[PDB]
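Participant: Questions regarding the structure given below will be posed in turn.
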Amino acid sequence: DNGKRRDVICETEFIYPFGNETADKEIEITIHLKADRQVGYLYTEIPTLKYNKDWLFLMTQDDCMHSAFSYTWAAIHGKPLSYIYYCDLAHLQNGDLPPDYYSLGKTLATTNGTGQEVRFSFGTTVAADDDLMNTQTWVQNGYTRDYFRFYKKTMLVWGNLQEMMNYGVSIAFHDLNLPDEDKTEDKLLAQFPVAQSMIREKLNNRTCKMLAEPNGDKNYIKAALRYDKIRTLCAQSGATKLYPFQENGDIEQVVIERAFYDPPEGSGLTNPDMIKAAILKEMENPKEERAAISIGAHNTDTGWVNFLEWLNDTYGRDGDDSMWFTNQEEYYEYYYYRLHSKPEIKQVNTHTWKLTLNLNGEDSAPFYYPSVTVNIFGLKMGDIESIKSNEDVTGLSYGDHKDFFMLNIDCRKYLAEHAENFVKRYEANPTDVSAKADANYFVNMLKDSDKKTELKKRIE
(Lines give C-alpha, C1' and ligand atoms only; values in the text may rest on other atoms or scores of the structure.)
Protein backbone atom coordinates (compact mmCIF):
# COMPACT_ATOMS: atom_id res chain seq x y z
CA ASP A 1 0.00 0.00 0.00
CA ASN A 2 1.73 3.14 -1.54
CA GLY A 3 -0.64 5.64 0.16
CA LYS A 4 0.01 4.59 3.78
CA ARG A 5 2.29 6.73 5.96
CA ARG A 6 5.62 5.08 6.90
CA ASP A 7 8.32 6.48 9.19
CA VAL A 8 11.60 4.80 8.25
CA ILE A 9 15.30 5.07 8.98
CA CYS A 10 16.83 6.13 5.61
CA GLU A 11 19.14 3.37 4.35
CA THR A 12 20.97 2.62 1.17
CA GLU A 13 21.34 -0.93 -0.08
CA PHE A 14 25.15 -0.81 -0.46
CA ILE A 15 28.11 1.36 0.66
CA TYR A 16 31.63 1.16 -0.93
CA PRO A 17 33.75 -1.05 1.44
CA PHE A 18 36.15 1.72 2.55
CA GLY A 19 37.48 -0.39 5.40
CA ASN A 20 38.71 -2.95 2.87
CA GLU A 21 40.49 -0.50 0.51
CA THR A 22 44.16 -1.45 0.04
CA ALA A 23 46.79 1.05 1.26
CA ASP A 24 49.46 0.11 -1.29
CA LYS A 25 48.96 0.03 -5.10
CA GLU A 26 51.57 -1.28 -7.55
CA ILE A 27 50.68 0.12 -11.03
CA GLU A 28 52.14 -1.78 -14.03
CA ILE A 29 50.89 -0.56 -17.48
CA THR A 30 52.38 -2.16 -20.68
CA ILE A 31 52.15 0.02 -23.83
CA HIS A 32 52.62 -1.87 -27.13
CA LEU A 33 53.45 0.29 -30.15
CA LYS A 34 52.53 -0.05 -33.84
CA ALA A 35 55.36 -1.39 -36.09
CA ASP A 36 56.17 1.94 -37.86
CA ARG A 37 55.67 4.13 -34.78
CA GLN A 38 58.74 3.04 -32.74
CA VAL A 39 59.73 5.96 -30.41
CA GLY A 40 63.31 6.63 -29.12
CA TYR A 41 62.53 7.91 -25.63
CA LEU A 42 59.63 8.41 -23.25
CA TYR A 43 59.59 10.10 -19.84
CA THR A 44 56.74 10.71 -17.41
CA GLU A 45 55.29 12.91 -14.70
CA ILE A 46 52.27 13.25 -12.45
CA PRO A 47 50.85 16.72 -13.29
CA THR A 48 50.17 19.41 -10.68
CA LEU A 49 46.36 18.89 -10.85
CA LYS A 50 44.51 15.64 -11.64
CA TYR A 51 43.29 15.41 -15.27
CA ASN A 52 45.81 18.15 -16.25
CA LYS A 53 43.37 20.78 -15.02
CA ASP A 54 44.53 24.43 -14.85
CA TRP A 55 43.02 25.40 -11.44
CA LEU A 56 41.44 23.99 -8.35
CA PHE A 57 38.07 24.57 -6.70
CA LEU A 58 37.66 22.97 -3.18
CA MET A 59 34.29 22.82 -1.36
CA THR A 60 33.48 21.75 2.23
CA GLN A 61 29.93 22.25 3.45
CA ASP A 62 29.74 22.70 7.22
CA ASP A 63 27.16 21.99 9.94
CA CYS A 64 26.14 18.56 8.56
CA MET A 65 23.28 20.26 6.71
CA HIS A 66 20.22 18.61 5.13
CA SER A 67 20.91 20.77 2.06
CA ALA A 68 24.30 18.98 1.57
CA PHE A 69 22.08 16.13 0.34
CA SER A 70 18.91 17.77 -0.93
CA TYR A 71 20.59 20.67 -2.81
CA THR A 72 24.36 20.14 -3.26
CA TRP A 73 24.54 16.42 -3.86
CA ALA A 74 21.18 16.29 -5.67
CA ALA A 75 22.14 19.08 -8.13
CA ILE A 76 25.53 17.52 -8.95
CA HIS A 77 24.12 14.03 -9.49
CA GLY A 78 21.14 14.70 -11.74
CA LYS A 79 18.60 14.03 -8.99
CA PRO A 80 15.14 15.51 -8.24
CA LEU A 81 15.39 19.03 -6.83
CA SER A 82 13.01 21.35 -4.96
CA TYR A 83 13.00 25.14 -4.74
CA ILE A 84 11.83 25.26 -1.11
CA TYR A 85 11.80 21.65 0.26
CA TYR A 86 14.36 19.05 1.42
CA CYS A 87 14.16 15.44 0.23
CA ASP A 88 15.74 12.59 2.13
CA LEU A 89 17.02 9.45 0.43
CA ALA A 90 13.86 7.47 1.22
CA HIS A 91 11.81 10.12 -0.73
CA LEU A 92 13.91 9.53 -3.91
CA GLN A 93 13.86 5.71 -3.53
CA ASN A 94 10.04 5.70 -3.18
CA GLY A 95 9.38 8.51 -5.71
CA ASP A 96 7.55 10.51 -2.98
CA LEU A 97 8.65 13.91 -4.24
CA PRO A 98 7.82 17.46 -3.15
CA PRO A 99 5.13 19.37 -5.05
CA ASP A 100 7.56 21.87 -6.72
CA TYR A 101 10.05 19.22 -7.83
CA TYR A 102 12.14 19.81 -10.98
CA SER A 103 15.48 18.62 -12.36
CA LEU A 104 18.30 20.34 -14.25
CA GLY A 105 18.29 17.67 -16.95
CA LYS A 106 22.07 17.03 -16.57
CA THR A 107 24.68 16.22 -14.03
CA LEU A 108 27.28 18.87 -13.16
CA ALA A 109 30.81 17.78 -14.08
CA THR A 110 34.12 18.38 -15.74
CA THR A 111 35.68 15.77 -18.00
CA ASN A 112 38.80 13.74 -17.13
CA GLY A 113 40.48 15.00 -20.30
CA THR A 114 40.27 11.56 -21.92
CA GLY A 115 36.52 11.57 -22.76
CA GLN A 116 34.83 10.61 -19.43
CA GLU A 117 32.59 12.53 -17.07
CA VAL A 118 33.96 13.48 -13.60
CA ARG A 119 31.15 14.83 -11.50
CA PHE A 120 31.86 17.66 -9.07
CA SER A 121 33.03 16.39 -5.64
CA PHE A 122 32.79 18.05 -2.21
CA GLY A 123 33.07 17.33 1.50
CA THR A 124 30.42 17.63 4.20
CA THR A 125 31.05 17.84 7.92
CA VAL A 126 29.41 15.04 10.07
CA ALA A 127 27.73 15.42 13.50
CA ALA A 128 28.63 11.71 14.09
CA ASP A 129 28.20 11.83 17.93
CA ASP A 130 24.83 13.61 17.65
CA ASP A 131 21.74 11.40 18.00
CA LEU A 132 19.73 13.73 15.64
CA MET A 133 21.50 11.91 12.75
CA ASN A 134 19.16 9.01 13.83
CA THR A 135 15.96 10.91 12.91
CA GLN A 136 13.31 9.08 10.85
CA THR A 137 11.91 10.09 7.49
CA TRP A 138 8.19 10.31 6.83
CA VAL A 139 7.46 8.74 3.38
CA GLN A 140 3.92 8.80 1.97
CA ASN A 141 3.36 8.68 -1.79
CA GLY A 142 0.42 10.78 -2.93
CA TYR A 143 -0.22 12.60 0.33
CA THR A 144 -0.90 16.27 -0.53
CA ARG A 145 -2.73 17.50 2.64
CA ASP A 146 0.68 18.85 3.72
CA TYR A 147 4.40 18.63 2.87
CA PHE A 148 5.76 18.67 6.46
CA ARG A 149 7.72 15.49 5.66
CA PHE A 150 9.88 17.56 3.29
CA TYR A 151 10.76 20.37 5.79
CA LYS A 152 14.44 21.09 6.56
CA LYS A 153 15.82 18.85 9.35
CA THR A 154 18.43 20.22 11.80
CA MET A 155 21.02 17.94 10.14
CA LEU A 156 21.59 15.02 7.75
CA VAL A 157 20.13 11.65 8.65
CA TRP A 158 22.76 8.87 8.43
CA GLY A 159 21.20 7.32 5.30
CA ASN A 160 21.67 10.48 3.30
CA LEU A 161 25.38 10.54 4.19
CA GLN A 162 25.82 6.78 3.56
CA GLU A 163 24.41 7.27 0.04
CA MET A 164 26.63 10.29 -0.64
CA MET A 165 29.68 8.06 0.18
CA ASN A 166 28.85 6.00 -2.94
CA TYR A 167 29.55 9.05 -5.06
CA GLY A 168 32.89 9.99 -3.46
CA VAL A 169 31.68 12.81 -1.24
CA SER A 170 34.19 13.36 1.52
CA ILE A 171 33.78 13.88 5.26
CA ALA A 172 35.22 16.10 7.96
CA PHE A 173 34.92 16.55 11.70
CA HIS A 174 33.39 19.84 12.94
CA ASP A 175 31.55 20.53 16.25
CA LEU A 176 31.89 17.67 18.72
CA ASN A 177 28.96 16.97 20.99
CA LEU A 178 30.23 17.99 24.43
CA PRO A 179 28.85 20.70 26.67
CA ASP A 180 30.34 24.11 25.76
CA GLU A 181 32.28 24.35 29.11
CA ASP A 182 33.92 20.99 28.33
CA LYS A 183 35.27 22.06 24.85
CA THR A 184 38.86 22.29 26.14
CA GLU A 185 41.75 21.07 24.01
CA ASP A 186 42.13 17.86 26.09
CA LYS A 187 38.46 17.08 26.23
CA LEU A 188 37.97 17.68 22.50
CA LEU A 189 41.00 15.35 21.95
CA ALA A 190 39.30 12.57 23.92
CA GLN A 191 36.02 13.03 21.95
CA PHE A 192 37.53 12.72 18.42
CA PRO A 193 37.83 8.90 18.72
CA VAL A 194 34.26 8.61 20.03
CA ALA A 195 32.97 10.41 16.91
CA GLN A 196 35.41 8.35 14.77
CA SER A 197 33.83 5.08 16.05
CA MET A 198 30.37 6.22 14.92
CA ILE A 199 31.72 7.35 11.55
CA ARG A 200 33.29 3.88 11.14
CA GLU A 201 30.22 2.01 12.36
CA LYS A 202 27.93 3.93 9.94
CA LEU A 203 30.09 4.54 6.83
CA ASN A 204 31.29 0.98 6.22
CA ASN A 205 34.47 1.59 8.26
CA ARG A 206 35.62 4.73 6.46
CA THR A 207 38.08 6.65 8.68
CA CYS A 208 37.59 10.42 8.76
CA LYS A 209 40.97 12.26 8.38
CA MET A 210 39.85 15.93 8.14
CA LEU A 211 38.82 18.70 10.53
CA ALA A 212 36.89 21.71 9.30
CA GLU A 213 37.37 24.17 12.19
CA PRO A 214 34.03 25.29 13.75
CA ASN A 215 33.23 28.69 15.23
CA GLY A 216 36.76 30.14 14.82
CA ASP A 217 37.58 27.90 17.79
CA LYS A 218 41.33 27.15 17.74
CA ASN A 219 41.01 24.52 20.51
CA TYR A 220 39.61 22.24 17.81
CA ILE A 221 42.76 22.64 15.66
CA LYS A 222 45.05 22.26 18.70
CA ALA A 223 43.17 19.10 19.70
CA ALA A 224 42.99 17.72 16.11
CA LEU A 225 46.74 18.08 15.72
CA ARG A 226 47.19 15.67 18.67
CA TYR A 227 44.84 13.12 17.05
CA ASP A 228 46.99 11.42 14.41
CA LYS A 229 44.09 10.10 12.28
CA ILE A 230 43.35 13.74 11.21
CA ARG A 231 45.77 14.45 8.32
CA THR A 232 44.31 17.58 6.75
CA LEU A 233 42.48 20.59 8.10
CA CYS A 234 40.75 23.78 7.06
CA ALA A 235 39.97 27.15 8.61
CA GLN A 236 39.40 30.85 7.78
CA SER A 237 42.33 32.17 9.95
CA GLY A 238 45.55 30.47 11.16
CA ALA A 239 45.76 28.71 7.82
CA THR A 240 48.03 28.51 4.73
CA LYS A 241 46.62 29.87 1.49
CA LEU A 242 47.04 27.10 -1.16
CA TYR A 243 48.72 27.99 -4.48
CA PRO A 244 48.73 24.56 -6.17
CA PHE A 245 51.56 25.29 -8.62
CA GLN A 246 53.84 26.85 -5.93
CA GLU A 247 53.19 24.60 -2.93
CA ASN A 248 56.36 22.71 -2.13
CA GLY A 249 56.12 21.37 1.44
CA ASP A 250 54.65 18.43 3.21
CA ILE A 251 51.02 19.45 3.83
CA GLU A 252 50.54 16.68 6.51
CA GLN A 253 48.53 18.17 9.34
CA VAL A 254 48.58 21.59 7.56
CA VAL A 255 45.53 23.86 7.96
CA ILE A 256 44.61 24.98 4.40
CA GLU A 257 42.82 28.32 4.13
CA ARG A 258 39.14 28.32 3.20
CA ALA A 259 36.73 31.29 2.82
CA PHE A 260 32.90 31.62 2.93
CA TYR A 261 32.88 34.90 0.94
CA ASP A 262 30.09 36.51 2.95
CA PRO A 263 28.34 39.34 1.10
CA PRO A 264 28.50 42.88 2.73
CA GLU A 265 25.50 43.54 5.05
CA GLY A 266 22.32 44.74 3.30
CA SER A 267 24.02 44.60 -0.18
CA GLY A 268 21.51 42.05 -1.58
CA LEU A 269 24.46 39.96 -2.93
CA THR A 270 24.71 36.26 -2.05
CA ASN A 271 27.66 34.03 -1.15
CA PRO A 272 27.66 32.60 -4.73
CA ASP A 273 27.72 36.17 -6.17
CA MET A 274 30.85 36.82 -4.09
CA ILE A 275 32.53 33.47 -5.03
CA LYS A 276 31.73 34.12 -8.74
CA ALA A 277 33.38 37.57 -8.54
CA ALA A 278 36.42 36.02 -6.75
CA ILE A 279 36.82 33.28 -9.46
CA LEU A 280 36.75 35.88 -12.25
CA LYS A 281 39.43 37.92 -10.49
CA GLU A 282 41.62 34.83 -9.99
CA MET A 283 41.32 33.57 -13.56
CA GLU A 284 43.04 36.73 -14.87
CA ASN A 285 46.34 35.43 -13.51
CA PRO A 286 48.43 32.77 -15.25
CA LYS A 287 47.46 29.36 -13.87
CA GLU A 288 50.81 29.00 -11.98
CA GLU A 289 50.16 32.15 -9.94
CA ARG A 290 46.51 31.30 -9.12
CA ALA A 291 45.36 30.46 -5.59
CA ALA A 292 42.99 27.57 -5.07
CA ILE A 293 39.38 28.69 -4.80
CA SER A 294 38.79 27.02 -1.45
CA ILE A 295 35.22 27.60 -0.20
CA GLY A 296 33.10 26.82 2.80
CA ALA A 297 29.30 26.64 2.63
CA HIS A 298 26.48 26.50 5.22
CA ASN A 299 22.92 26.05 3.94
CA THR A 300 22.79 25.57 0.14
CA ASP A 301 19.64 26.60 -1.84
CA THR A 302 18.45 27.45 -5.39
CA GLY A 303 21.11 30.15 -5.74
CA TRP A 304 23.83 27.58 -4.99
CA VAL A 305 22.30 25.10 -7.52
CA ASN A 306 22.37 27.83 -10.21
CA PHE A 307 25.99 28.67 -9.23
CA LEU A 308 27.05 25.01 -9.52
CA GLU A 309 25.38 24.91 -12.97
CA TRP A 310 27.23 28.14 -13.86
CA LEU A 311 30.54 26.44 -12.95
CA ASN A 312 29.66 23.40 -15.16
CA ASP A 313 28.73 25.73 -18.00
CA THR A 314 31.78 28.04 -17.63
CA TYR A 315 34.73 25.98 -16.40
CA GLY A 316 33.43 22.36 -16.49
CA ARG A 317 32.13 19.92 -19.15
CA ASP A 318 29.84 22.49 -20.83
CA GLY A 319 32.47 25.30 -20.65
CA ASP A 320 36.25 25.29 -21.04
CA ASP A 321 36.76 22.20 -18.78
CA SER A 322 39.70 23.95 -17.09
CA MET A 323 38.66 23.33 -13.41
CA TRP A 324 39.27 20.48 -10.93
CA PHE A 325 36.17 20.72 -8.64
CA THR A 326 36.94 18.43 -5.71
CA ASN A 327 37.06 17.88 -2.00
CA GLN A 328 40.08 18.65 0.13
CA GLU A 329 40.70 14.99 1.08
CA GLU A 330 40.98 13.88 -2.57
CA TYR A 331 43.30 16.81 -3.26
CA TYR A 332 45.43 16.04 -0.16
CA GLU A 333 45.89 12.44 -1.28
CA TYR A 334 46.78 13.49 -4.84
CA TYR A 335 49.37 16.00 -3.59
CA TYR A 336 50.80 13.23 -1.37
CA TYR A 337 51.14 10.87 -4.35
CA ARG A 338 52.64 13.62 -6.48
CA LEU A 339 55.18 14.36 -3.74
CA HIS A 340 56.02 10.73 -2.89
CA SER A 341 55.33 8.47 -5.90
CA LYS A 342 57.90 8.36 -8.70
CA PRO A 343 56.45 7.12 -12.04
CA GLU A 344 58.98 5.39 -14.33
CA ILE A 345 58.88 4.15 -17.85
CA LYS A 346 61.29 1.43 -19.08
CA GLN A 347 61.57 0.02 -22.63
CA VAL A 348 60.98 -3.79 -22.59
CA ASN A 349 61.73 -4.31 -26.35
CA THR A 350 61.71 -2.19 -29.54
CA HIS A 351 57.91 -1.73 -29.51
CA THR A 352 57.02 -2.28 -25.80
CA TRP A 353 57.34 0.08 -22.83
CA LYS A 354 56.33 -0.56 -19.17
CA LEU A 355 55.01 2.25 -16.91
CA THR A 356 55.31 1.68 -13.17
CA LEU A 357 54.20 3.75 -10.23
CA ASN A 358 53.69 2.75 -6.54
CA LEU A 359 50.80 4.56 -4.71
CA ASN A 360 51.20 4.31 -0.90
CA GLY A 361 49.13 6.42 1.43
CA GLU A 362 50.05 7.39 4.97
CA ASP A 363 50.07 5.01 7.96
CA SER A 364 46.85 6.22 9.76
CA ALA A 365 44.09 4.73 7.41
CA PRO A 366 43.88 3.99 3.75
CA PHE A 367 43.65 6.67 1.19
CA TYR A 368 40.18 6.53 -0.44
CA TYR A 369 40.95 8.38 -3.69
CA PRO A 370 43.76 6.29 -5.14
CA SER A 371 43.59 7.67 -8.63
CA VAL A 372 46.25 9.64 -10.50
CA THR A 373 47.06 11.19 -13.84
CA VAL A 374 50.33 10.22 -15.56
CA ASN A 375 51.62 12.20 -18.57
CA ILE A 376 53.94 10.48 -21.07
CA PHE A 377 56.04 12.86 -23.25
CA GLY A 378 57.15 11.62 -26.68
CA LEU A 379 54.09 9.33 -27.10
CA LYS A 380 50.79 9.93 -28.98
CA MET A 381 47.55 7.91 -29.06
CA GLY A 382 48.18 7.22 -32.81
CA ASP A 383 51.46 5.35 -31.96
CA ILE A 384 49.70 2.79 -29.74
CA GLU A 385 48.70 -0.74 -30.74
CA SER A 386 47.41 -1.80 -27.33
CA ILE A 387 47.62 -0.94 -23.60
CA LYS A 388 47.42 -3.63 -20.84
CA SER A 389 47.44 -3.21 -17.07
CA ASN A 390 47.81 -5.27 -13.93
CA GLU A 391 45.20 -6.16 -11.31
CA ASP A 392 45.86 -3.11 -9.08
CA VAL A 393 44.49 -0.87 -11.93
CA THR A 394 40.64 -0.97 -11.89
CA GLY A 395 39.89 2.17 -14.00
CA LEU A 396 41.96 3.24 -17.02
CA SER A 397 41.21 6.07 -19.45
CA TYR A 398 43.83 7.58 -21.86
CA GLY A 399 44.40 9.84 -24.80
CA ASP A 400 46.25 12.85 -26.20
CA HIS A 401 46.63 16.13 -24.34
CA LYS A 402 48.35 19.12 -25.92
CA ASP A 403 51.54 17.61 -27.54
CA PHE A 404 51.71 14.56 -25.17
CA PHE A 405 49.75 11.60 -23.83
CA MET A 406 47.81 11.30 -20.57
CA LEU A 407 46.58 8.26 -18.60
CA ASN A 408 43.94 8.51 -15.86
CA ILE A 409 44.64 5.53 -13.57
CA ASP A 410 42.17 4.49 -10.83
CA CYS A 411 43.28 1.90 -8.26
CA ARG A 412 40.12 1.69 -6.08
CA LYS A 413 40.21 -2.03 -5.26
CA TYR A 414 36.43 -2.66 -5.32
CA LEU A 415 35.51 -0.28 -8.13
CA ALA A 416 34.19 -3.10 -10.47
CA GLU A 417 31.98 -4.44 -7.66
CA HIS A 418 30.73 -0.85 -6.94
CA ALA A 419 29.89 -0.34 -10.63
CA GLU A 420 28.02 -3.66 -10.50
CA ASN A 421 26.07 -2.45 -7.45
CA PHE A 422 24.77 0.54 -9.46
CA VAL A 423 23.92 -1.85 -12.33
CA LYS A 424 21.90 -4.05 -9.89
CA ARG A 425 20.08 -0.95 -8.56
CA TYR A 426 19.20 0.01 -12.10
CA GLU A 427 18.04 -3.57 -12.79
CA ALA A 428 15.72 -3.45 -9.69
CA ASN A 429 14.46 0.05 -10.80
CA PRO A 430 14.60 -0.10 -14.60
CA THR A 431 12.12 2.79 -15.18
CA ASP A 432 14.35 5.30 -13.22
CA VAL A 433 16.32 7.28 -15.84
CA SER A 434 18.71 8.63 -13.16
CA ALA A 435 19.54 5.05 -11.97
CA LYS A 436 20.46 4.12 -15.55
CA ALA A 437 22.68 7.21 -15.95
CA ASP A 438 24.44 6.43 -12.64
CA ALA A 439 25.06 2.77 -13.80
CA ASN A 440 26.48 4.04 -17.09
CA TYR A 441 28.65 6.63 -15.29
CA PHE A 442 30.20 4.08 -12.85
CA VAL A 443 30.62 1.31 -15.47
CA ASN A 444 32.43 3.84 -17.72
CA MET A 445 35.01 4.32 -14.92
CA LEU A 446 36.08 0.72 -15.38
CA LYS A 447 39.05 -0.43 -17.44
CA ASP A 448 38.37 -2.51 -20.55
CA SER A 449 37.61 -6.08 -19.28
CA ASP A 450 35.17 -9.03 -19.38
CA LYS A 451 33.33 -7.52 -16.38
CA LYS A 452 33.00 -4.12 -18.12
CA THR A 453 31.55 -5.77 -21.22
CA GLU A 454 29.10 -7.81 -19.08
CA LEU A 455 27.95 -4.70 -17.20
CA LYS A 456 27.64 -2.64 -20.44
CA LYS A 457 25.34 -5.40 -21.86
CA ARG A 458 23.13 -5.29 -18.72
CA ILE A 459 22.62 -1.52 -19.10
CA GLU A 460 22.00 -1.08 -22.88
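Here, A, B, ... name the chains of the C-alpha coordinates in the order displayed, residue numbers run from 1 inside each chain, and ligands are numbered from 1 in the same displayed order.
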What's the 8 Å shell around stretch 350-367 of chain A, counting only C-alpha atoms, without same-chain residues fewer than 3 positions away, as a ChimeraX atom specification?
Facilitator: /A:19,21-35,38-39,207,228-229,333,336-337,341-347,370
Participant: From a backbone DSSP assignment, name each residue in stretch 78-164 of chain A labelled strand (DSSP E or B), as JSON, numbers by chain.
Facilitator: {"A": [81, 102, 109, 110, 111, 117, 118, 119, 123, 124, 125, 137, 138, 139]}
Participant: Could you give me, as a tab-separated table, a per-residue list for stretch 170-190 of chain A showing, wherever an atom lies at most 10 Å from an atom of stretch 216-222 of chain A, the closest pair of atoms and their distance in Å to one decimal, using only C-alpha atoms and sorting by chain then residue number from low to high?
Facilitator:
```
residue	atom	partner	partner_atom	distance
A:173	CA	A:220	CA	9.6
A:174	CA	A:220	CA	8.3
A:175	CA	A:220	CA	8.4
A:176	CA	A:220	CA	9.0
A:183	CA	A:219	CA	7.6
A:184	CA	A:219	CA	6.4
A:185	CA	A:219	CA	5.0
A:186	CA	A:219	CA	8.8
A:187	CA	A:219	CA	9.7
A:188	CA	A:220	CA	6.7
A:189	CA	A:220	CA	8.2
```
Participant: Tell me, as a PyMOL selection string, which residues lie within 7 Å of stretch 296-300 of chain A, counting only C-alpha atoms; anything in the same chain fewer than 4 positions away does not count.
Facilitator: chain A and resi 59-63+65+67-68+71-72+258-260+304
Participant: Between atom CA of residue A:423 and atom CA of residue A:458, what is the spacing in Å?
Facilitator: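 Those two atoms sit 7.3 Å apart.
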Participant: Which is closer to residue A:385 than all the others in A:231, A:412, A:5, A:37, using only C-alpha atoms?
Facilitator: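 Counting only C-alpha atoms, the residue closest to residue A:385 is A:37.
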